[PDB]
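Heads up, the chain below is alone and in the form deposited in one PDB entry; it's given as structure tokens.
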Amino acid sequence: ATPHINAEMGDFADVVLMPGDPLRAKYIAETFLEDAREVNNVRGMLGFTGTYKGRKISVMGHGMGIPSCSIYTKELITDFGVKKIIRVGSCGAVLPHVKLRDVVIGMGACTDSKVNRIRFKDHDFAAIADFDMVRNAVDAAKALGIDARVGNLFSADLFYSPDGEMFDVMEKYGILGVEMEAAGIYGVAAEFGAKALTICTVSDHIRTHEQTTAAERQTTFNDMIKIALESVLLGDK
């Protein structure tokens, strides 16, 4: 047990899927995991562990923002022996040619935060994902007939940024999606030596204002989860 996780060593698997919403963690456990048991709920941040096709896989929320997820990722890595972390979430798109429901693989993650600068003596630290985990995800995605876009994500600190012009800048450099924690998870991974990956589904477009229809929204969410779980399977063999 750590200050933010009421669990003991062994209660978590070596790989953890982390959605933002703790309730999404509940859903994944009850929909894709077999014999899933609740391993944590300290601050309502539900966490579960179970088996997917015979492999033990844990699921837990990470809260909103880099500060939130950084805490949870550090403890899991340090006190629970977690080796691989896969974040599953949503992102908004700036690129017009990037449509809704598109699966985005965060090879790297640009950011608004200063976390990386504090760690890297105010130099540019490229927050990147693990090559093998990205590869596995790509291979697992196309196996399901889904075309995933491997590229740059943008981790924002402020969901409500006062700098509108930044969207134009993001588009010019081709960031695939803007979310709020990929870069942080990557910093934490590099610092404590673990492997990480962030997979997102474009839920809404900053330009062509439109969100996914609830039904299709949940369908694509499940496609993403399948992609994640399958990549893990593909990753240990």
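Under this definition, the rigid core comprises the largest set of C-alpha atoms superposing within 1.5 Å between the forms. Numbering starts at 1 and follows the sequence shown.
Missing here is the form deposited in another entry; even so, the following discussion is about that form.
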**Report entry** Which one of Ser68, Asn41, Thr51, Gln211, by Cα shift of 2 Å or more between the shown form and the other one, core superposed
**Finding:** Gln211
Report task. Have a look at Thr219 and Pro22: in that other deposited form, are their Cα atoms closer together or farther apart than in this form, given the change is 3 Å or more? Result -> closer
Query raised in the report: Are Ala215 and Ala141 closer or farther apart at the Cα level in that other deposited form than shown, by 3 Å or more?
Result: farther
